[PDB]
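Chain IDs A, B, C, D, E, F, G, H, I and J follow the sequence of writing; residue 1 opens each chain.
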């Protein structure tokens, strides 16, 4: 969580990750965006990256994961707008989950 | 499947098979479902089995889309649902969209 | 014309064809695409293909074609909204034409 | 300028041309689109090709060109809306210019 | 600051620069964009290129960098709309930053 | 069949056509390339277009077509090497057929 | 097994199927290819489609699956060259398997 | 012609041009590409551009052009290997021509 | 390490990973292929995936990593041919390393 | 940098800047170096600094490639080296390859 006096309008951060599918205990690979308007504070990449690795080994639906991480983004830097998107692929099906908070 | 805090949107996408009524030929297609959850989440497996339900079935692309909307509405009643079907037949690319509800 | 008891919200059809350029009398390849909102009836793909094949050997500008084909789709399934897009390429020029009728009711 | 009965709603034309860069007198290669709402008339492709081609040998900024070609298309076929876009590259820089006139 | 009689509606310029990561002192690679509504004069490509080169060997975050460059464009040419986009990739994370100002 | 002085080393021609599928009497859309080493003669594009177009309405397998068009091109312009490739899609299946004659 | 008088030089057919992962009992999604030099007869698309559908709800590894299908093609049509390619994505890992036989 | 004290191993140049189709007398847009091995001298880009601009308004088949341009590059920098590739599009047909001379010594 | 009686001709496995750049202690994201002809045994994905995660937290050059993992592939399944490719990106530079063993 | 067991091949790639002699215009380019290590590895930073050496410098693309080959040969003497330079000038795409040695 990094200070900056003069703040930008929007920030997208995007990376890959790993969780577990609770139905069958298999590792699940996925992709995560986080889009946010800062006010004063700016999420650090190292931090965002730690936040994403928190789901290694852990059983969770991709729809939970997206919300879970939204709540964490608000924990650390509490911004008005935050969208989180989790793109994955399971059993021949491509999945995306957007979890949103605030207005554009 | 149920969530405490629902995500704002979900897109599922995959491939399936129907039969072309006119010609009784197998029709391969791709299909997306975009919905706003209210309480319930559609298990991926149940989505798959909805999509596999059309194997062997004679149906227009136009009807397949609409039939799948109903199904998804029935299974989890989202306030907004959009189903998209894409296929190719006799050199013609085909999309069909079936929406119900408010964004 | 194919009768459907539940009209889907939108349908796009898309395919290649050809015509003749009236200026130079050469064959003009194109993509065409019809996007429409059904009310009751659906355009059979076979009929759409027949509409597009109708332009083979026909002398006509692409701007004319988008509009000719629009009229056809109206006469056939009379939908409340129709958009025809023609895409082509002549003498180093990429060309798009769009023709529309009605609105998203 | 060829006269159709019913006008289409929208026409885009796109092609490549060249000009000279004022600063350095080297040739500039560019891509140019014109998008326009017809009224009675439609611009012949041959005529558009001649419009773009007239800039060969001519020293002009990408910015002035977008405007110059737009003024030509209004004068030729008088549409209620015209958008010209010029895309080019110069000394490691991707450049796009738009010039519009009238109502969407 | 090249004067033009008739301004275009919108200009985008895009290119690559470097700077330095504060945390780790590592040379940072990035893609950068300025979209702006010119008022009276356009930004010379050469000038813009200079602006972006100016950050070579400088300690700045991708979030601050975007903001600074927005300031510079407003000085140089004074447009009523300016958007700056920065794109990068640090430590397995893709990063975008947008910095806006005014109405379109 | 147009006669050049010095022959090129290699010509590819590629276009779209249609046929009927024997099994089901529906139309098959395909992409077809012919690659050939010229000797004195070069196949006119108009003549090639007519070759591909003659299959409209004709029931034939993609496989037999590749061969049939190859026999036509040898008969028209008699190259020491010809490769025809036919690409198509049918009931969820991507299909490619090659038919070659002679020496690379 | 469709007979043809003059065989083509090479045929590729490509499509999607499913099977089941042994370890985890999860429905496995995959892309599959057969390239073959036909001798006397070609494989009907329909037949091939059948071959690949045959694995729905079967316990097999992506490595065995490739091999089995190679066997089947050799039975059905008996070509002197056959290559089968399988492609997948299990648990964040992209997987290709090739299974050859004979000379080209 | 630009003299170079150390010849690189290969150079490709690639650009767009136009010509005229002798059949229909329309303008034909194309990509062209020259690949060569220098021995001593390098083709200036400005001269390459001049060679390609030489075909504007000129009636000529693309097969003829690949070969015409090949001869030019030979006359200019006389390299031990040259490959000219022309790419074009006429009446729904994608076209490639290749012309070669010499080998990888 | 999985048995299969009848073995395939080739297998590519490809995934992403994380190591450390020893020069500056920053996490390094990368991509890894492994291409191999099996004999009898077949590397399991779970295993390959564990082998790739072994480099989390660890300081190593990308040129070491590729060789290191080659040696590990031979540890577990000892095949004639093995290629390993590691694509990464550091300080504005795109890097690939192929580490090979045996013949094609 | 030195390796015990050398990798069989290495590709480095990045962007740089020179000056066009004819026109004194800045020339942006992309450049790859593919080499077979023998003992020594080229540090990425040293590669970068080789590529940055051409800023401000008037040089043909043809010569830049060849100059960079020499440099790489000098720094680490690989038995096979291939340098590739790509640029755009007056509407013409340019590649130059400079190889030395055996694959």
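Note that a residue touches a chain if its C-beta (ideal position, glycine included) is under 8 Å from a C-beta of that chain, and two chains touch if they have at least 3 such contacts.
Asker: Between chain B and chain H, which partner chains are common?
Answerer: C, F
Asker: Which whole number of Å gives the spacing of the CA centres of chain H and chain I?
Answerer: 43
Asker: Would you mind pulling out the distance in Å between where the CA atoms of chain C average out and where those of chain D do?
Answerer: Each chain's C-alpha centroid was found; their separation is 27 Å.
Asker: At least two other chains touched by the same residue of chain D: list those residues.
Answerer: Residues 16, 27, 49, 91-92 of chain D touch two or more partner chains.
Asker: By the document's touch definition, which label belongs to this structure's chain graph: line, ring, star, complete, or other?
Answerer: Here the contact pattern is something else, fitting no line, ring, star or complete shape.
Asker: Can you check the complex and tell me which residues of chain D touch chain E?
Answerer: 23, 61, 63-64, 66-67, 90-100
Asker: Which of the residues in chain F end up touching chain H in this complex?
Answerer: For this pair, the touching residues of chain F are 2, 4-16, 38, 42, 45-46, 48-49.
Asker: With touch defined as at the start, can you tell me which chain E residues reach chain I in the complex?
Answerer: Against chain I, chain E makes touches at 18, 24-29, 89, 91-93.
Asker: For chain B, which residues are in contact with chain G within the complex?
Answerer: Against chain G, chain B makes touches at 15, 26, 48.
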